[PDB]
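Next come structure tokens for two forms of one protein chain, structure 1 first, structure 2 second.
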Structure 1
């Protein structure tokens, strides 16, 4: 990645206008890190790639230059919901911008087509789907003339990782985008993404034919964020009571976000918060634009304290003063978790990131990500993070962001650095052999054991048929039995198997690949616990 220090200056020719447009049109007082550098590179007509976390402020880096340049900037965007999110903001600021998608009405397409070639048009930003480049003969016809008229002057590729089929949410239509820079070279190109992997970034640059490219990356470390993991109560009505007690005891009246696994969870959580006296409001990526705005302003007016989020792709939410982010369930991955929790403490004042870990969420999420070849591997990394008690949470998160994360000290800004505990290891070897005897007897009976069934059989309950004759129940509190089973799962003395029913995927436990090690009595399985 390039060094941006040589660009962090306000003595370029356009600096006076950029400063003007920032304060008087966008109503912002200061640039966030790498905003001015990226803007300066684009304004000199050079290619730049900006790696910046979600909610960092990447949009400004192509919106502002559009307003300080002639003609319009073409913004390639993967979803209509993202385009609408942008046009909502641009409308309130007084900026003329529009969008084009496959469904857009005849009257609107003819208007945009005319404005593109109209030398006197106010249109500064045209958002399109990659289908408008790949599969629309006429739009490319209007771009070629707009380039002829010196009006098509910049290209912005939002979520530029999508150009690589290695990067998440890849669109095949993004591979066609290389024609823009190749054939319309005087249009400068800026690529925005939150994903740091150098392989997806260098592949994207080849695809876009922009290999002569400045790459700027932000510090992904957010030192003002406090990371914490809490145990999730089995009873969901019990659970939201604890959430309300936590919000009232720590963040009374402060705005916050709650992330939920599902949309049904999202709205159920919303109404249970409203009944218990927390003004809440649900937000979803595919909501209609006029709904999204009301959630935002009601949030801004503090008519709703908490916004209940839905975590999957296309999130709107960002507010600068979010004091807490609660994850109702763990994320699908560490990379997802960092980004989602990262919406806290924009204002650079202290904010908390609360992750609620539940034994049952291991199998609920695992079953949902069956069709992602690495889904289970990424989820187990999240579980291991939840299970960790002896390491700084910031160290664990940083290991997923090698290139983009500073060694900078945590300074007691995570629960593991603040809690004054010591640890000891305990033997769990005989527990594992008990579980394997139960799982092989179930295998002899042609029976598949869910986690619930296995614990029951282990404790001496459930179907007598699945109980092993001589097994003495472990007589530990059920939460410790759950911690034991999850440890064996992550360590692969047990593994997950799946059943597909008419409406759901159901996870089952089976003997794991490392259980052979217990045939040698020398092998000892241990767990780290709190002393």
Structure 2
């Protein structure tokens, strides 16, 4: 909500030191957007909140000032693997930093305690969990004693959106960080986040007891990324063959990421690509630091070409020259797909974001997110993105980023913008009636229909007992019928029915709520068909 352009100077007393720590210590060349302004706000002793996408370079905005200020910097991070992620790079660069989780032994805990009060303990960044602030009586004590000794000067809050309710990813410990700025007022506070709306940001400002605060948000639009949606072949081996052909065609030798829904799927793709001559490796977030360094250094040294990652996992893979991100299966939500695909083309040059749309993936993910009360809705948003053939994909993604998406032209940088066929709207009402006929007949016979059984009964296949008498199967291929059934699902003419078995959660199809709209013979249902 603030204008960072006024802070994009280098004439501050600290700008020389900042530039060198960036070039000779951090081994970087020039600042990414909003980094210099955020750093300049922090070095001036003011609080600042930075909203910036994952993989953008948010961490530097507090790591570099910690090396330009005196003493140490406290970093509130909620999860331990994420900490170790930062710590690896931190003292791989030669920056003495440390960690405090619940499970650290007494040796290290007392060493850290003595180092906070030490005068040239070379330590510059202490990462701690919010429980260490909320539920540790005297961690606060020597925090205050280091403050009085001018050693405690900066606070960095990761995932600041976790402070506010009417928000998601709420960690309750985040209430108690309001003590920090209350007890440490001269210490400058910086909060960083990638998923935050201003309505939540202001609540977090109130919660942290930071009223006057700058708010910089980055342009989430990445014009160098090309968004594309491709059909997912039902055969897994044909799918891997198509992936290998695409990689060898467009991205021969270029580094890339392949996102899979499951860990089994990612291991699966790693070995399959390896057998077909594409050097690949797997990466896991709940990983040992060392094998993280292993997969990372094999990727950087181009020893392997493609990194196979899991959806809610990646969280630390960071390569500037990622030329393509292939989604082996669609993501749980549109925001998740944005943050996942966006890790590509961090060098601001052209990169491709390919997504493979599979009919069965819809119901796998739907069956997986049943416990999330909004999982199905966000998944249907993703499915509607995959089904859309006319709108520019950048606009579709922008629909979920109203506050952080600059209204910029796509410049023919997505498959729909380049697709030079205009479309026409087919009346699909007959197909909906036929599907409802099938579903009601299966309901009468006490039979539950999986999407596959519904499709087969529609095509005159599957169990003869489940077929409606005299229903002529449509003249369209399986894929088109799948898109039609998906469309009916989104418009809620059909609805999902989850059944919980001892082994897994199965998703059947049932007549939807809006189906009664068909009682109107004048009711028309329209779809947009390729030419």
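Rigid core: the largest C-alpha set superposing within 1.5 Å between the two forms. Positions refer to the first chain, counted from 1.
- The one residue among 169, 242, 291, 372 whose Cα position changes by 2 Å or more between the two structures, with the core held fixed by superposition, is 169.
- Superposed on the core, the two forms barely differ at residue 27: its CA moves less than 2 Å between the two structures.
- With the core held fixed between the two structures, residue 60 has its Cα displaced by under 2 Å.
- The rigid-core alignment places the CA of residue 490 less than 2 Å apart between the two structures.
- Here the rigid core is superposed, and residue 122 then shows its C-alpha moved by 0.6 angstrom between the two structures.
- On the core-superposed pair, the CA position of residue 464 changes by 2.7 Å between the two structures.
- The shift recorded for the CA atom of residue 314 between the two structures is 6.0 Å, with superposition on the rigid core.
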